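Peer 1: My sequence and its experimental structure, below.
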Amino acid sequence: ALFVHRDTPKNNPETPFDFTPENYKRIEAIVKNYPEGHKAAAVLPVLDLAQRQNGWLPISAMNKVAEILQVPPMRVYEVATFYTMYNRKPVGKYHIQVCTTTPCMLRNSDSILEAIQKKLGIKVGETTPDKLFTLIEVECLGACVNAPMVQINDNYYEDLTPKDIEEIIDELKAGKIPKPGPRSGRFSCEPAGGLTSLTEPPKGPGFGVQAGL
Amino acid sequence: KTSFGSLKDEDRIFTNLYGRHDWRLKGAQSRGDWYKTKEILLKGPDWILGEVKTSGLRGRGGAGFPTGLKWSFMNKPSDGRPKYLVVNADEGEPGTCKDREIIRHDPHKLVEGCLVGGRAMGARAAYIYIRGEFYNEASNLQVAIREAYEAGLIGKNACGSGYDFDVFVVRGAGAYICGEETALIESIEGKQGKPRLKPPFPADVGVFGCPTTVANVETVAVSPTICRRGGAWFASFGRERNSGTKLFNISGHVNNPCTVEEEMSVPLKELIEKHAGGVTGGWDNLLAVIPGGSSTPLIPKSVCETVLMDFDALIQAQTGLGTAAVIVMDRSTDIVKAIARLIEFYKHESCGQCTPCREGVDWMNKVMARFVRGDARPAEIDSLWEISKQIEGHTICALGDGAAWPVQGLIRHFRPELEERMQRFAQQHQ
Amino acid sequence: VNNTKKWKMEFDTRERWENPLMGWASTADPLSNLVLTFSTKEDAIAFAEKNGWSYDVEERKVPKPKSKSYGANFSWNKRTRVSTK
Ligand SMILES: NC(=O)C1=CN([C@@H]2O[C@H](COP(=O)(O)OP(=O)(O)OC[C@H]3O[C@@H](n4cnc5c(N)ncnc54)[C@H](O)[C@@H]3O)[C@@H](O)[C@H]2O)C=CC1
Ligand SMILES: Cc1cc2nc3c(=O)[nH]c(=O)nc-3n(C[C@H](O)[C@H](O)[C@H](O)COP(=O)(O)O)c2cc1C
Ligand code: SF4
Ligand code: FES
C-alpha cells in the first residue's frame, strides 16, 4: 500500500533475482520490437516478465531491469509504483481481484466479495495463511455486460453467483484448474435469452464490395 | 431515412462478435475479411482517406472526432522519422466491454484495419496497446497476428503489394489513464502513464517523437469494411454527421446485459427493450441511465423515452455519447452510492500529474462519500458544482472532465434526492 | 520579478558590533539603512553627483529569452528527451 521502500531482510538489493536463459531470450524478443535508441521502452513488458518469473517484484528485479536495459533505477521504480499490477509485496498464488465498480456493484458483486471473505476467512487486501489466495478489490476489469466478475491471475470468471465463486474456490483449493468463462447459461457476451442478433450466416468473400476494387 | 434501429445481420460489420464462428484465419476469410486487401493497398493513401472521409466515420473512441480528417493529418511528407499507427486497446471505461469482444472474437479484422490504416497514413508499424488485464485476449490477438504473418498478409511485402508493415502488441499494466492517447504513448515509451499536452498533437510528436495516430479498436477494425463495402454504404446508416453502425454495451440493471452492434441513431428505449429485454421490473422501473459509460453524465427516466443514441442527440440532452455503454440503474438503486463509487474510480485511476484532478477528484470523492451518508448541509451541493467547474476544462486530459461530468449530471438531475438524504441525516443524528 | 524593476542606491555596510548588555547589533553608521529608489539609472547618477557621493554602478542584468518547446521533451534523435514527466 505504501510507495516507499524499506530494506527488509526478504526485500533488499541483496535479494536473489536473475532471469532464466529462456527469459533472456524472451527479453531479447521484447527489446527487438522497439526502435534503436529507445531501448527504455522495454521497461513495462520485461518488468512484467520479472513479475511472471517470481510472482512479485522485490527490489532486485527493478534493479535487474534497470541493469539490462541501462536505464536509471528510479525510472523503473516509477513504473513499478505507478501501475497496479506490479505486486511489490509477496502475493498468494491465486491473486483474486474482485471488481466492484458501478456496473458490477449494480449487479451485486458485494455478495461475491462477502462470499469470498467468509469462504477464505480473510478480507480485502489480506492473504490466507497458506499463501494460496490473495483477495483484493479492483476497478473496472472490462467485462461489464458479464458482471459481476472476478479475475484469477490471467483468467476472468464472469456472471458469478456466490455459489459459482464458492465452486471456483473449491476447485482451486484441490489443485484443479477452472474454466475461465461466464458461469451462467450464455457463452461469452450474448443476450442470455437467446441470440437477438447475428443469427444469419455471414456471407463471406465478395459481399457488397463496391466496383473498381 | 427517418427511423433508425433494427439493423439487419447482413449489414453488420462485426460478424463473429459472439464467438460462435472461428476467430482464426480460415474463419475470418470465410466471413469476408482479408479479401481484396492488396487492391485496397495499391490504390494509394488518398483513396483510402477519401473513403473514410466520405463515409462520415467519426471517432469511435469516445470523442467523435472526424476519423478521416484525423488520419489526413498524417498524409504529409517524411522528415527522417517513421510514422506509426497505434491502436488504443485499453478500454478501462466502466460499462464498456466492446473492444474486448473485437480483440477476442474478430482479431483479423483489427489486423487488416491496422494494415489499411497504416497504408492510409504512411505508417511503418502498428502498436496495439492492449490492456494488461486482457491477457488471454492479447495471446488470442498474437495467435491471429502469427496467422497473418505466416500467410504472407503482413510483414515484408504485405499482401503482395510491395508495402512493408509490422504489427506489434504491447500489453498494458493496469492503468485507466493509459487509455488516453498521449498517456498511452507515454506508456509505450517505458514511462509513467502521464498524458502529454496538446499541441504537440500525436500527428506531429507521438510515440518516440514520431508522427503517430492513436485510434480506437472499433474505428480501426471497421475501416477495411468501409473500403470494401463503400463510403456511401457506411454513411447511409444513422443521421447526418452521425453516420454508421456502433457497438453498444447494455449493462447494469437489465434482464440481458449484452454487447450488440446496432445502427447509430437508435432510440434508447428500443435498444434496451429489444436487445436487453428491458429494465428489471419493466420500463416503469427505470430510474436513470448513464448513456455512454462513466465519463458521460447520466440522464433520468424523463429523457430516456425519446433520446437517440448517437453523438449529437445526446449532446442535445446535455450529456455525451462517449463509448456507447448504456448503464441502466433501476428504482432499487441508491444512485448517490453509485456516483460516489464512480468518483472513487476516478480518484483511484488518475495519474496525479496536474493540480485540479489530483486534488479535486479526491476532494469530490470525500464530498460524495459524505453525500452518500448525507453528512453535509445543502450549500455543499452548489459548492461541489463549482469544484466541478474548477476541474472541467482546466486539466491536461479529459479525465478531469470525465470526473467533473458525472457530479454535474447527478446534481443537475437529482438535487432534491441529495437534499432529502442530507435532511434526514440531519434529523436522525440530532 | 517585481523586485527587479526599479534602480536602487545603497551604501557600504560599516561595522555592526555586539551590544555588551543585550547582544544586540549596535552600529554607528547613520546611512546603513538608507536605500533610495530611482526609476532610471541616470537619475541615480545625477543624484549621486548632486550630493557628492562617490558612486559605482552595476548594469541591469536581464535574462535572455530561451527557446521553450514542449515537443523538445519528446524528440526522436536528440538528447533533450526527458527521462520521465
Ligand atoms: N473509449 C474509452 O474507453 C474512453 C473514452 N472516453 C472518451 O474520450 C473523450 C476524451 O478524449 P480526448 O482525447 O481527451 O478528447 P478529444 O478532444 O481530444 O481527442 C480526440 C481526437 O481528436 C484529435 N484532435 C482534436 N482536435 C485536434 C486538433 N486541433 N488538431 C489535431 N488533432 C485534434 C486528437 O488528436 C484526438 O486523437 C471523451 O468523449 C470521453 O467520453 C473517455 C474515457 C474512456
Ligand atoms: C482518461 C481517458 C481515457 C481514455 N481511454 C480510452 C480507451 O481506453 N480506449 C479508447 O479507444 N479511447 C480512450 N480515450 C479516448 C482517446 O483520447 C482517443 O479519443 C481515442 O483513443 C482515439 O481517438 P479515435 O476516437 O479517433 O479512435 C480515453 C480518453 C481519456 C481522456
Ligand atoms: S488531470 Fe488527472 S488524468 Fe489528466 S494529466 Fe492530470 S492527473 Fe492525469
Ligand atoms: S465495472 Fe466491473 S468490469 Fe467494468
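Peer 2: Sure, I can see it. Residues are numbered from 1 along each chain as shown, chains lettered A, B, ... in the order given. Ligands and ions are numbered 1, 2, ... in the order given.
Peer 1: for chain A, what are the nearby residues on chain C?
Peer 2: Residues of chain C lying near chain A by CB under 8 Å from any CB of the partner chain: C:77, C:83, C:84. From N, CA and C alone the C-beta is placed, and that goes for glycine too.
Peer 1: For residue B:330, give the beta-bridge partners.
Peer 2: Going by DSSP bridges, residue B:330 is paired in beta bridges with residue B:286.
Peer 1: Against residue B:193, how distant is the residue of chain C found nearest ligand 2?
Peer 2: Among all residues of chain C, residue C:85 sits closest to ligand 2, at 16.2 Å; criterion: CB to the nearest ligand atom. Here the distance between residue C:85 and residue B:193 works out to 10 Å (CB to CB, to the nearest Å).
Peer 1: What about residue 5, how many residues nearby?
Peer 2: You didn't pick a chain, so chain A it is. As a burial measure, residue A:5 scores 16 neighbours (other CB atoms under 10 Å in any protein chain shown).
Peer 1: try again with chain C
Peer 2: Residue C:5 has 8 nearby residues by other CB under 10 Å.
Peer 1: rewinding a little: ok, now which ones touch the residue of chain C closest to ligand 2?
Peer 2: B:186, B:191, B:192, B:194, B:196, B:353, C:73 (CB atoms under 8 Å, 6 or more residues apart in numbering or on different chains).
Peer 1: Overlap in contacts, residue C:85 and residue B:193.
Peer 2: Shared contacts of residue C:85 and residue B:193, defined by CB under 8 Å, 6+ apart, are found at residue B:186.
Peer 1: Identify the residues contacting residue B:309.
Peer 2: B:246, B:248, B:262, B:264-268, B:271, B:291, B:321, B:324, B:326 are the contacts of residue B:309 under CB under 8 Å, 6+ apart.
Peer 1: Could you do residue C:10 as well?
Peer 2: Taking CB under 8 Å, 6+ apart, one finds C:34, C:35 in contact with residue C:10.
Peer 1: any idea how far residue A:63 is from it?
Peer 2: In terms of CB to CB, residue C:10 sits 54 Å off from residue A:63.
Peer 1: And residue C:21, by the same measure?
Peer 2: For residue C:21 relative to residue A:63 (CB to CB), the value is 62 Å.
Peer 1: So which of the two has more stuff around it?
Peer 2: Between residue C:21 and residue A:63, counted using other CB under 10 Å, residue A:63 has the larger neighbour count: 16 against 7.
Peer 1: okay, now residue A:28: neighbour count?
Peer 2: Residue A:28, neighbours per other CB under 10 Å, totals 10.
Peer 1: Checking it next. Helix, strand or coil?
Peer 2: When the structure is reduced to helix, strand and coil (DSSP: H, G, I helix; E, B strand; the rest coil), residue A:28 reads as helix.
Peer 1: swap in residue A:40?
Peer 2: Residue A:40 ends up helix, using three-state DSSP.
Peer 1: what number of residues lie near residue C:79?
Peer 2: Around residue C:79 there are 5 residues (other CB under 10 Å).
Peer 1: secondary structure element for it?
Peer 2: Assigned by DSSP states H and E, residue C:79 belongs to neither a helix nor a strand.
Peer 1: And it, how far from residue B:81?
Peer 2: Taken as CB to CB, the span from residue C:79 to residue B:81 is 16 Å.
Peer 1: can I see the domain layout of chain A?
Peer 2: A:17-90, A:91-196 (curated CATH domains).
Peer 1: can you tell if the first one touches chain C?
Peer 2: Okay, so that is domain A:17-90. Yes. Residues of domain A:17-90 are located near chain C by CB under 8 Å from any CB, namely A:37, A:40, A:71, A:72, A:75, A:78.
Peer 1: Sitting in helices, which of those do you find?
Peer 2: A:75, A:78 (DSSP state H).
Peer 1: Excluding chain neighbours, what is closest to residue 82?
Peer 2: If you meant another chain, say so; for now it's chain A. Leaving aside its sequence neighbours, residue A:82 sits nearest to residue B:192 (CB to CB, 6 or more residues apart in numbering or on different chains; 4.6 Å).
Peer 1: was after chain C, sorry
Peer 2: Per CB to CB, 6+ apart, closest to residue C:82 is residue C:73, 4.5 Å.
Peer 1: again, but for residue A:106
Peer 2: Distances taken as CB to CB, 6+ apart put residue B:252 closest to residue A:106, at 4.9 Å, once the chain neighbours are dropped.
Peer 1: Okay, the one you found and residue B:279: tell me how far apart.
Peer 2: Distance from residue B:252 to residue B:279, by CB to CB: 9 Å.
Peer 1: count of residues packed around residue B:378?
Peer 2: Close neighbours of residue B:378, defined as other CB under 10 Å, add up to 16.
Peer 1: which residues does it contact?
Peer 2: Residue B:378 neighbours (CB under 8 Å, 6+ apart): B:418, B:419, B:422, B:423.
Peer 1: Pull out the buried residues from these.
Peer 2: Among these, those classed as buried by 16 or more other CB atoms under 10 Å in any protein chain shown are B:418, B:422.
Peer 1: Many thanks, I have nothing further to ask.
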